[PDB]
Every structure is written in C-alpha cells, then in structure tokens.
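Q: Starting from these lines, generate the structure:
(3 chains)
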Amino acid sequence: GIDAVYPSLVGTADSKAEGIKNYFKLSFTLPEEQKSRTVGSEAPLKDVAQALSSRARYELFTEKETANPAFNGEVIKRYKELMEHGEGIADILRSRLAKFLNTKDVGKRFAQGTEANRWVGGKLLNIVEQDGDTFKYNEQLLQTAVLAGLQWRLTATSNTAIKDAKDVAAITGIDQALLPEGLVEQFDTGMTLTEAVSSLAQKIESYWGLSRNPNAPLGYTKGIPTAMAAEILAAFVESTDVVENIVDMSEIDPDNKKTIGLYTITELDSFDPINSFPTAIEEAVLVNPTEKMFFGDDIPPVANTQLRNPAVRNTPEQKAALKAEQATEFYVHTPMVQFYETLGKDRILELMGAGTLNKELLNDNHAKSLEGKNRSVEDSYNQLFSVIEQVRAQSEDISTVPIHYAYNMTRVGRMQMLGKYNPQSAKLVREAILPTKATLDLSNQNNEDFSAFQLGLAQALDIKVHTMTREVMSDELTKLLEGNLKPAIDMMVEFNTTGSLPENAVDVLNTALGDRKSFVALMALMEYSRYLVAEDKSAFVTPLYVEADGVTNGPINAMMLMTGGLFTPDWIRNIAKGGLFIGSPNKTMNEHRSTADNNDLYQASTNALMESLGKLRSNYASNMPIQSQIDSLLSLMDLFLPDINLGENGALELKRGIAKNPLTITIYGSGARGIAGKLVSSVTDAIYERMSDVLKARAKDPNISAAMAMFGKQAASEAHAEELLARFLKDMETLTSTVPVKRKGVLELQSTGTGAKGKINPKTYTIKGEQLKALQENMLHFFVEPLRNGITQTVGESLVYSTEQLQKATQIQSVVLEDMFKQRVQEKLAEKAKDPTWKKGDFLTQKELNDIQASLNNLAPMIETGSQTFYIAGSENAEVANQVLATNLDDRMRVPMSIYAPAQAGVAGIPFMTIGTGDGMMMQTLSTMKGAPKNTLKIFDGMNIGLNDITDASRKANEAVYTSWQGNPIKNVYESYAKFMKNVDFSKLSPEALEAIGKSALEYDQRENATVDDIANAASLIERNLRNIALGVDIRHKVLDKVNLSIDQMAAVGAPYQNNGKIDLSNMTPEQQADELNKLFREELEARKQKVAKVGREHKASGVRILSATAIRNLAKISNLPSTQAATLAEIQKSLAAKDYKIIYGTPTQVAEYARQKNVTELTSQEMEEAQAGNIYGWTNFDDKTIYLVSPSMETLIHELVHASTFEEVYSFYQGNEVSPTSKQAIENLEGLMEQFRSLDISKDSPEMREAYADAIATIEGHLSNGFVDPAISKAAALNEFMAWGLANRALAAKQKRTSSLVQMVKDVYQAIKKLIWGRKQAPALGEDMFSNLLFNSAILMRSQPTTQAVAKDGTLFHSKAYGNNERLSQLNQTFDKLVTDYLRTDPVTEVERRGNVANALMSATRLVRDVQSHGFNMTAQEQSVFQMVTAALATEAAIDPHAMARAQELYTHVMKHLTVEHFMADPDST
Amino acid sequence: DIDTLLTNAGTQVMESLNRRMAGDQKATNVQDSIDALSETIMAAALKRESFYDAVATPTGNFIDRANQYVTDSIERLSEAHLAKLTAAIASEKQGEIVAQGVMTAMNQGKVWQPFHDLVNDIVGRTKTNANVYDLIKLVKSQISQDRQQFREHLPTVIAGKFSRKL
DNA sequence: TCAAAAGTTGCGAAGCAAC
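A: Numbers count the residues shown, from 1 in each chain, chains lettered A, B, ... in the order given. Structure data below:
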C-alpha cells in the first residue's frame, strides 16, 4: 500500500535498522476508501488544470450530474490567473530547497550517512527524493501541497476567530486594563505565528488523503505537515502575497523584551469574480468538502464531537437539536439588499459609525478606537454581497432559493453557527437573510393583525414593549410616525417608487432616528413605507419579526437553580421581577410592570448601592479629607457616566452572548480588582469623546472659550459653563494625586506624586501610567466594595454561599488532574530513555497518550447531567512538551509543541454550570419538544418569530423555561466530587500541587505549615457541604410543582404558561405564601427521614398552651435552685410581670399552626442540617412582649426568663433612656470588649473554635453595615449576638484549651454579664455555674420606621395610563434623587413645628403649588409629585442665597414680553 | 432654546444646594433647614403611593379595583350560561337591531330567565340549600360581567366599523 | 471575566544566549 505507491522515497521502509530511515512511510497509512482525487495523480497541478477549463470538463472530475450554476464562463478567466500565480511558488520552493542543501554543507553531510532527516528542521527532508549528488522534491506531494495554499489564501480571513482579552494580555505581558490603547486593534489584520501555521497545516494534511498510524511518534505524524506548512507561508511572504510585520515591544514598556510578529494577507478587490465562487478548488480535490453553501435539498451533516473538544461526544438528545436547527430554510429579502447597495459602502460607514474621519479634529486615543467600528462594518458588508452574487446566479428569482446553515455545540452547550459573519452573529446580515414569513390582513387599522404589525415596528424602534399594554404602545408609536420620523418616511416612499435617494440621505436619517439608530430600525422604515404604497393590504407579505427577549436571564437562572433552604418573603418579591408569579393565574409581565412594580433586578441593585455608600460616607464624619475624596469620584461619574448598566447594546459589535453587566459579572466570580479597571475604562473613553467635540467646535468658531466648547449643551449662561469646567479640573487632579490605603481595617489617604495639571491640549490629551493606576485605587475602595454588598442583598445570601462551594470543588479537582497528568508523561519519557531507537525530540505515540488519558477515568473528570456533558479542565496547553515541533528551512520561525491536556479550572466553574444547564438546556429543549415552533432564529436567549403565530410560539418558549428549571447542577457536580475523593491520594502529589490546592481549602492564617493530613481533612469537608445543598434544591423543586404558577420569563407578547397546580395560594400576602410553602417543605423532610428508619389555659384550634402573667408563682421555687440565685428570679420575674409578658409553648407542629391562625411571624431556628441533629429554637416578639418556646423543658424556661430581662437593659440604653450606674458600666465594658473581638488571632486555636468565631463575626459586622435600619435597633442587635457567642462557647472552651487570646476572651465576656444581671449586690464567685449553664438561644424581633430615601426611591419609576406615563418626567426625577435625595440624613424623619426662615418659604411654596393646579393647569398624579418636590428644592435654596434667582428672573421678563391669551386657545376663533 | 435654557437654569440652582448639603452641616448650621426639606419630600412620597395601588387594575378604574378587593375578601371568609348571553348583546353588529333599544334585545335573548332563578333564592320564593356566601359570589359575579362587556367591549365594536383611526 | 493558543534569531543539529 504505502510502500507500493511512490516507492522511490529516500530511506529504508524497515522499522528498525542502522541505515537511514524514511519516517513518512511509517507515520501515515493508506485509507481503504477514497478521500482525495489527487492520490493517483502524477501531476496534481496540471490534472486540475484540465478540470477547471470548462463546465463540461468540471462535470466528469467531480462525479456529479450537474455543477453549480455560479461556475460560469466569466470566472474561468479569473482562475487561470490565480492558478498560474500558484505555479510560480512551486518553483520558489524548489529554489529554497537547493539553498538549504548547500548552506553549511548540510546536504554534503548526508553523503557520509548522517541522520539529517530526524532533526528539528530536517523533518521536511523526510519526503525528499534522491537524484545522486543532490536531492529534489516529490512532485505529487509538492504540487498537492500548493493547492492547499491557494484555497487557504482565498478564505483564511473568513474563518479566523477573534482574540480575547486574556490572550492579548498573555502575548503582551501587561494586563488589558493598563496597556496603551490602539495596540489591541492590531489583531484585526495580523495573526500570530501559531494561528497561521496551524490553519494551513490542516488543509495540507486533508488534501493528501492519508490517515495517521496510532503507533507512530507524535513528532512525525504532526510535525511533517507543520514543516511543509511553514515552507509555503515563507514562500508566500517573499512573493508579496503575505506581508510580515515585526512589532518591537520594548517601546511601550522597556521591561518587555518580547518581539512578537504579525502576519497579514493581501486582499482581493470587492468586485473580483473569484468572490462569486471561491470554493471551486476545495470541492474538486476533495470528496466531502467542508467549505460550502447549501442550496435546495442539501443538508449539512451532524457533528460528532464538541467544538474544540475531541474527548467529549455529543449526546443523542443534543444531536436531535442539531438536526432540527440545520433543517430550517432561510431566504434573502430583496427590497432590503437594494437599499444597502444604493446607499453605498462609504455612506453606510458615516451613518453607522462616527461619520467622516479626520485626524485634525479627532483625539489621538479616540481616533484609534473608531478603527474597530469601521473595520467590522466594512468586512460584514463585503461578506454579505459576496453571498448574494452566488445566490443570484442560481435562479431567475432571488427570493425563492433556500439556504441552509451549520451548527455545533460549544464548550458550554450553546448552539453556534459556523462562520464569522452569519445571521446569528452579524447584525448587518440579520436584515437581509431571514427565516421568518407572514401574511396579514391590514385593510382595517382596528384588526388583530394590525396590532401584531405595530408590535414589530415599535420594538425595532427602541420602545420597551414588554413594560406597557397593547394600547399604550399604539399611542406612543403613532406619535413617532407623525413627528420626528415623518421626513424619513417621505424619502423612503420616494425610493419605493423610483429607486433614488437624495444627496443628503445620511444627514436626514441622523436627525430623525437620533439615538435609536440601529440596523433593525432601517428595516422598520422600509416595511412601513412599503405598506403605505401597497394597493392591496389584504394579503401583505412581510418578513418582519418580534423578538421574545428574556428579562435578566443571567441572574434569574442562577437564583432558581443554585439556591437552598427555606423560602423567604424577600426571595418571592425578587423572583417576581424575573417572570415567576405565585398564586396569580394568567398573569403577564405587562400587567406586573404596569400595576405592581417597575423596578428590575439591575435597578434594585443600584438602589442598594447608594444605601450602603451613604452609610460608608457617614462613618468618616470626623475625617473631612476622606469625605471630599468620595464626592470627587461621584461627581466625576455624573458628568461622563450617568448610568453604570453596561451591556451588549452596541450596534457596531458582533453578538457573542458575553455578559458584561456588573451584576452578572460579580455573580460569575470575577475579582474586585478586575471589575474596577473595567469601570475606569468606560469613564476614560467618555472623556476622550468630549475632547473631539472641542476640536470640532473650534473649527466652526475659533473664538469660543474652552468651557463653552465642552459644556455648551448644559450651561444656562457663560458663567455656568465656567463652574463646570473648574469643578472638572479639580476632580481629576485630586483623584490622580491621592490614593486610599487600608490600615488595620480603616482607610487612610497617602500622596503618590502629582496628578494632572491645568492644560487641556485636546489633540494630545491622555491618562496613563501613574495617574491611571491612582484612578483605579480610588475606584476599587470607594465604589467596588459597596457594589458587592448591594448585589448580595438582592440576589440572596444563600446564592453566594452555593457559588463559593462550587468554585472550590471544581478548582481542587482540576489541579489534581493536571499534576497527575504531568507525573505520567515524565515516567513514560524516562522509560523510553533506555530504548536506543527512541531519540529525544519526539514524543509519545497517539496510543500511548490515550492510555494516560484513559487512566484518569477513575477520577471522574467529566460531569454528566443525563443529556449534557461538561469537561471544565480540558484545554490545548503547550508547556507540557517544552519542545519545538518544527521550523522553517532557514531557522526563521519555530513552532512549539501543543498537546490536549487538562489545565487549571480557575473561576470558570460557576459560569459553566449556569450557562450550560440554565440557558443552554432551554434552547435544546425548545427545539426537540413536542410541536416545536418552526421557522425561528434563536440566538442565545431570544427568538425571532413571524407575525402570524406570535402568541402561540411564545407560550411554548415559557414551557421550555419551566422544564429547564427542574435540573440540579449541584447534584451532578457532587456525584463526581464524591467519586473523585474515593480514589485519590494526596501523599503522591508534587510539592507545588499541594500549595495550589491549599490556597482554596484552607484559610489565610492556616496556609503556612499545612500538613498533608490537614489538606485531606479540609477537602473532605467541602464534599459534605455539597451533599446538603443538593438535598435542599431537590426538595424545593418538588414543593413548587404542587402549586399554581404562571411563567412569563421569555416573552414580550403576553402569552404565559401555567403549571396546572392543585394548591391555591391566591388572595394571600407574600409573607403569608412563604409559610404555606414552608409547611410543605418540612413535610417532605420527615417523609424521607422516616423511610430510612424503617399548666395553663389551652388553645382550642391548636394544642398550644398559654401561660400568661400572674400564673408563674408556683414555678419560681419548683426548680429548687440555690437561694443565692433563687432571689434573682423573684426580682427578675417581677419586672417581667409588670410589662405583661406572655409565654406560649408546644410541639413544633402545634406552635407553627397557631401562628398561621393569628397572623404571627415565626422565627424558628431549624434547617436540613439542624433536622438531623434534632434541635429547635423558638423566638421572642419584642413588640407585644410574647415569648415562644418549642418543645420546652424546665431548664430552658428559666433561661428565657432572664434572657428577656437582660435584653431590655441593652435596648433601653441604646434608645437614649437613663440606665442605672451599675448597668451602664457593664454595657460600656462590653462595648469595649467588642472592639477587641474582631481583631484577634485564631490560627493557634481549635478548628471547632474557628467556626464559632467565624459565624459570630459574620453577623456582627452585617448589623453595623446596614443603612436601611434604625441605628438604635442595629446597635442593640449586634451586642446581643456578642453575648450569645460567649455563653454558648463557654462549656467547651473551658476544657482542653490553652492560654489562647480567643480562649481568654470567653472568660472576660462571661464575667461582664454576671455583674449586669446581679447589679450591685453580691454575685457568685468566679468559675461557678450561673444558672445551670445558662445559654441565650432565642431570636429577637424588632421593627422601626423606614428612612425617607426608602419611600422616595420606591415610586420613582411608577408609570401607568391612569397614573401617568410621561417618560421625560421619569428621567427628571432620577436626576433630582442624585442631587438632593441621596444627601439627606439617614435618620428617620420626625414631626416638629420647625419655625424659622426656610420653613416659611417651604410652607408658602406648598400653597402656591396647589393654586396653579386649580387655575387652568390640570396635572396628573405623576406630574403633580415631580412639580411638588422640585419646587421645594428651589424654594429653600432661594431662601438661603438671595442671588440664586438672578438668572431665572432675566428669562422671565423676556417670556412675559411675547405672551398672549391666544397662545393658550386651541381654536383662536371659537364661539 | 428658551425651554432648554430654563431647565439648565434649574439644575444650576439644585447643584448649588447640593454643594451645601455635602459639607459640614453641623458647623455651618444648615442641619435644621435640611430637616424641614426632608419632611416635605417624605409627605409627597406617601401621597403618590396612595394614588398607586388605588388604580391597580388593568382598566385603571377606581370602582373596578374596589370590587376586586371585596370579591377576594369574601372568598377567604367562605371556608356560565348567562355570561355567554350578555356577550352577544354587546357584540351586535346588525345596525338595525341595535336601533330598537336594549329592552327589546334582552327579551329576545331570554336573559331574564337565568336572572329570575338567582333572585328567587335570595328573596325566599324558592327554597335552596346554598349558603349566603355562595349567593353573594353569584350576584357580584354577574355585575362585573356587564361592566366588562358594555364599558370595555362595546366601544371596540363601534370603532371597528371605521377603516381609519380617528 | 463565561473563551483556542501563541516571541524572535545565532550556533549547530539541542537548547542556552541575547534582546
């Protein structure tokens, strides 16, 4: 076979011999079938020459009945020039071979018998021929190789991927948050060495049509094609087809000695005929081409493996979704392609981009950023019109040719189109090729088919169609169609009749569209204008679509799949914002946003951000310079970054589904420092854009001042613009000259040189270096930290806990796999060292590599969910080889060796599970479900549906969401972690491996001297935690399936899905629905647990007993306690009886049932973990003085009697009331001991004592860092928790303990309580039991009035038809909150007469506000509130500063000089 | 423009006050003045919350919201054919039938027969085993049926005869 | 940060030195 064909190759085919060897004959075998048509071709270049000479000739060679109609006679002439060009390189390669054979007598050395074909650069020589003194190429192998180069030349750039931030930083050595701008853009044209050689190598191997022997070294089955590929690229670069750019990296930073290189390939002209049918060669030399376009009955095949993950196969359920998606037919919209080509490529760039580019009036850093925007549009435009040329040649009518695309699973289970520019990715092609179609009756404007038509138009024109009813949408849409969009429609109508555009087409659209500019907004104008001129509106056919976008699909999916524990009323309200409604059948998002709540998850997080930020600012009241630094940072944000909610809403960027919002980024485990740089990059980018406006304004008028050029649009006068400029200069100087430093838990300011000075120079203004670093330090400490606290409050604390355990479990397992994999290749290589045949430089064979990979199957490296498979650690690293694969003949470019080996997971575990099971499963379920919608384009979290069936396909979208919510990512992970720990051994790991996994399992203080026993014990604890979480999630999903629910997550039409429950939860408060859900949760716990096992007046409806006051006299001495403490009970209980304290006790079922009858909030302490232990604790209601006990005893009754009395002293002292001097000292002493409690060392204490301290310190700091509660209430709660920790841990810290500081702390806190209870009278001696090991275990309930900012910010975004839906008034209120509301005192408001000067102005303004409304100016509810609040702010300011109204007076007199009665008269000639 | 100059002259005044509250309020004795301002904002914040939840209805009507609250409150304590008839009366499109009045239309459709059965039980003419709460949920159910068909569906029928949007 | 990876030459025939 192999020896039979081309048997003249130099070398001996024998495996082991002392002579020279030809390793090509052993590395590659001969496939039994046919893969390439050039295997038997003596001259492949000339054989295909007669194949591409005529249409008839091309028929026989390809063995097809008919050829592509695009392969006509016009492109025949083009291919002759290109292939003749491909004949000149073959001579260049031959010339280069001769030079190598003579340089340094390398070829002469072969005469003696040197093994020159086994060198790093000599792998190319393995296929050379013998001709005597000299050598020559094998013609068949050489001529076939250049065919792969020609095909690679045409379509290389169409398949290259996009470089990510990490890789760009990796090849640069500097983080992408600090590198200078502009060098990132250079990736657009150039590609690195490995990208170019690897892509070309694959084509050469495929064209040869040979398989790989599994028993051959990896240095020959993978190096021979690479050596050939490097030769072709070197030939091309000297032939001017490829240009090589060498970048010296020492200029930007001297320490970077690296010298990277970029390769760029020359591009053909746009009108070149080769663009019509560029894949003639590929479909001629192959049998199953991969580069193709499918027309008619052609169907793409189904992929067998994931994207860039050969070790993972596609599940049969996954393969079913691939078949359905690839069967959907697309069509080209003829009326839209005419509009694009008539406008022109240059006009498109100006309209979509930043207009015409000129370096004279553009900032240096701003100009280079716009290059990426222009590059993407130009490439997408060229690609779209190259496809149209091929389609137009297939039929007379272009709009009747189906087009099929290809999909494939990615590494996270998401379907992805194959190709860089496709309808799924490029937004330009999305408006030309669509799968949707519809037929509507628009003869009447009051029909039901006209409402669907208006829904598509309104959504495409940037209208929140999912937050208003179907009637408000029509009212708002009609205003646009007759207002600003009127001039644009008139031009569109003219185009639809004569096909021409005005000379100012670009300018007109910019004025009309405004900030609503998008590629889809141009389609809406075309469809509406096409409808007006239509003569028959009863059978209108349009491809317009409506997108069923999800509402915050990221956080919502993670909150519903990775949350455990009892249900909470706060969770119920928060989950309502995502589209889950409990006890409200047939409810939609439109009704919820109009009548219930208009705040979303993004807005809720921002509201909590300012609540915590105000608390932090108040703590530094004694440090004025610190406060001024906070204001400077916030003031700079307002000028340039009014909003922080970023995202993929840009119109000149490809859609990849990557989430960049701060809320979802923080959930995905991103570091605090990383997001600080991202926020700074947005502010600096906004500053540069303002500089371009200064230069642009200077050209128009060379006399305007700097202040008027920058802040002209927001200045009421010339003096107002000076204040804004002066304020901006001071803000930027302070931030870049002073930084905050963290000292022992308190911040401090230090000087770090000089910041920006008083010189603008807008042409060359930039911020970098020390100034840029100082900017991020202020941002991290003053804005990022409060953001984390606010995010956790909304998404729930339990969700954060579930994410931390998931990251640790996946990180530990990844390091072990990586270290073990590296420990077996070294053993195998050392084993081969005693084999004379083996030579250093090669690698293990394919069979050997698989055996090592298959040896880790017992470690469970893959996670199975029943329908999806995940491989987190899989990557194509290169450090495992540390060798050189191959190189050029002249030793110019060296290609390293890359192997597919496991790597460290890092923080990728959290986004893998959420995306893979949350959103990835929904789309897979939607495609394969019964009666799945047809002719739709689902991208990642949305879908495009035709106007005919908007209300039916949207209902099934919500059904898939419900189905995907029944999964359990934690349970799947735990099933792999448990198996991993069964067959693991930490005593055989490398010393560096133990350090890597010690950073996750252990703490900071325990990291040092970490014994291998401590590492094993710590890793076992994480497995236990994962078991409980998977149990809690499973039970919660069972309870929710038994109640009626309405799901409206992924919808904008108003067609929800009902889960057909059986328990009615309607007509109940959200606080009431939690109790019912908790009742079913507890019944499930006891049902499983039992399976494994196989005095006072009594209430009537429940078996609880009520023990009121004046009924505890007998029980005073029943406990027979010593008389020293017996007298205390008489005094303590006497005070309690004066306040009418009542006692209620019973079994857990009885005490919980009684609360539901009387509407009583319960705070019983028990969870799944506590259920196994079997401990239940009651609670105390401080508002009505009621004590609740669960399964009480005589011992615990006495403890609660003194617990309630002690807490009264703590509460009264913090409320400002006078306290006894004996009790005052005790609380004061306890406060002092509290300040030392959070600054202790625990690394030398018992492991169990660490948990007691860690849990106590978590809740203590949480109370002090709360800004929405009364300070008196928060302070009392923190001290009460301090007392509980000391008494609870006394029993076990009084023995087997050393003289540790923490152990000593327990004794001091215990002694302080003794004096407080006993007062000035004699107390029991030290070390004696207080009340038979008295403990504090019952929670305390307290409430207080909310703050002013809490109620003002709640109704800011209220909007409704009957309440008022003025969008502009909503924005005005938002800016009012920042200036005034956010700076009010956090204390709750009071009611005093408040006589004075300012109050007179406020009182007078209130009366004048009412008179205006009753004297001709009727206002709605929304407009009345804004007018009332704004006027109050202007009234108090004018009362303090008499000159504040000087400017407003000037504008008033001018208005009064042009006002007439007829201005307010609608019909001036009325009767 | 004059309107854009007026709003800019307003935020300038607000920004002047913002630079006053951000300073040392206690030292510059503006603490009492700001407290008066916060009272006005608090009072106006609660008033706008009362108007909301008072129109928490798809139709945004005072009466419609009140009826829903009473209907739900009765179902907590208590622990078809006629509806289709009233829908045809308000959906008539003949043009000449609607010109004869509504008394004639009701008689033709025999709407009075389902109505007579319910009233007889309430008065006591016909004995029945239904409790009070079952009958109250019946009378209040038919009242909402008339309002939905006549105050909401009838205007859509009239506007549907025009080929435009007046 | 949710994703493919990734310096360039001289001597000498592997791998360190130099930048």
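Q: To which secondary structure element type does the residue nearest to residue B:35 when sequence neighbours are not counted belong?
A: Spatial nearest neighbour of residue B:35, chain neighbours left out: residue A:1394 (6.9 Å); criterion: CB to CB, 6 or more residues apart in numbering or on different chains. In this view, the C-beta of every residue, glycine as well, is placed from N, C-alpha and C. What DSSP: H, G, I helix; E, B strand; the rest coil gives for residue A:1394 is coil.
Q: Just give the number of residues close to residue 16.
A: No chain was given, so I picked chain A. Other residues within reach of residue A:16, judged by other CB atoms under 10 Å in any protein chain shown, total 8.
Q: The chain in question should be chain B.
A: Around residue B:16 there are 16 residues (other CB under 10 Å).
Q: Correct me if wrong, but it is in a strand.
A: No. With three-state DSSP as the criterion, residue B:16 is assigned helix and is not in a strand.
Q: give me every residue that touches it.
A: Contacts of residue B:16 were listed using CB atoms under 8 Å, 6 or more residues apart in numbering or on different chains, and they are A:1437, A:1441, A:1444.
Q: Test my guess that the last one contacts residue A:1437.
A: Put plainly, it is residue A:1444. Yes. Between residue A:1444 and residue A:1437 there is a contact at 5.4 Å, judged by CB atoms under 8 Å.
Q: With neighbour numbers in mind, choose between those two.
A: For residue A:1444 versus residue A:1437, neighbours defined as other CB under 10 Å are more numerous around residue A:1437 (22 against 16).
Q: pretty sure the more buried one is touching residue B:18, no?
A: No. With contacts counted by CB under 8 Å, residue A:1437 stays clear of residue B:18, the gap being 9.6 Å.
Q: Using PDB, write out every CA atom in the helix or strand hosting residue A:788.
A: Residue A:788 belongs to helix A:785-795 when assigned by DSSP states H and E. The C-alpha coordinates for helix A:785-795 follow below in PDB (Å, rounded to 0.1, in the frame of the first residue of the first chain):
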ATOM      1  CA  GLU A 785     -16.800  47.400  47.700                       C
ATOM      2  CA  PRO A 786     -20.200  49.000  48.200                       C
ATOM      3  CA  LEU A 787     -21.300  47.400  44.900                       C
ATOM      4  CA  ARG A 788     -20.600  43.900  46.200                       C
ATOM      5  CA  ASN A 789     -22.600  44.500  49.400                       C
ATOM      6  CA  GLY A 790     -25.600  45.800  47.400                       C
ATOM      7  CA  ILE A 791     -25.500  42.900  44.900                       C
ATOM      8  CA  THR A 792     -25.600  40.200  47.600                       C
ATOM      9  CA  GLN A 793     -28.600  41.800  49.400                       C
ATOM     10  CA  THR A 794     -30.900  41.400  46.300                       C
ATOM     11  CA  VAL A 795     -29.700  38.100  44.900                       C
END
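Q: Tell me, how many residues neighbour residue 164?
A: Picked chain A for this. 12.
Q: wrong chain, I was asking about chain B
A: 8.
Q: Just the element for the residue of the stretch 801-950 of chain A found nearest DNA strand C, please.
A: Residue nearest to DNA strand C within the stretch 801-950 of chain A: residue A:911 (3.3 Å; CB to the nearest atom of the strand). Per DSSP H and E: residue A:911 is located in helix A:909-913.
Q: for that helix, packing partners?
A: helix A:797-832 (3 or more CB pairs under 8 Å, 6 or more residues apart in numbering or on different chains; DSSP states H and E).
Q: Packing partners of the helix it packs on?
A: Helix A:797-832 packs on helix A:553-561, helix A:846-854, strand A:899-902, helix A:909-913, helix A:969-982, helix A:991-1001, helix A:1012-1040, going by 3+ CB pairs under 8 Å, 6+ apart.
Q: can I get these in TSV with mean neighbour count?
A: Output for the helices and strands packed on helix A:797-832, formatted as TSV (neighbours: other CB atoms under 10 Å in any protein chain shown):
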stretch	mean neighbour count
helix A:553-561	23
helix A:846-854	15
strand A:899-902	20
helix A:909-913	23
helix A:969-982	19
helix A:991-1001	16
helix A:1012-1040	17
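Q: all helices of chain B, in order?
A: Assigned by DSSP state H, chain B shows helices spanning B:2-21, B:31-51, B:62-77, B:81-89, B:102-108, B:112-123, B:132-148, B:154-159.
Q: Pull the residues that contact the third one.
A: Contact partners of helix B:62-77, identified using CB under 8 Å, 6+ apart, comprise A:1066-1067, B:54-57, B:133, B:136-137, B:140, B:143-144, B:147.
Q: Let's check: the centremost residue of the chain is which one?
A: Picking chain A for this. Among the residues of chain A, the one closest to the centroid is residue A:659, at 3.2 Å (CA atoms, centre = their mean).
Q: Chain B is the one I meant
A: Chain B, centroid-nearest residue using CA atoms, centre = their mean: residue B:61 at 2.3 Å.
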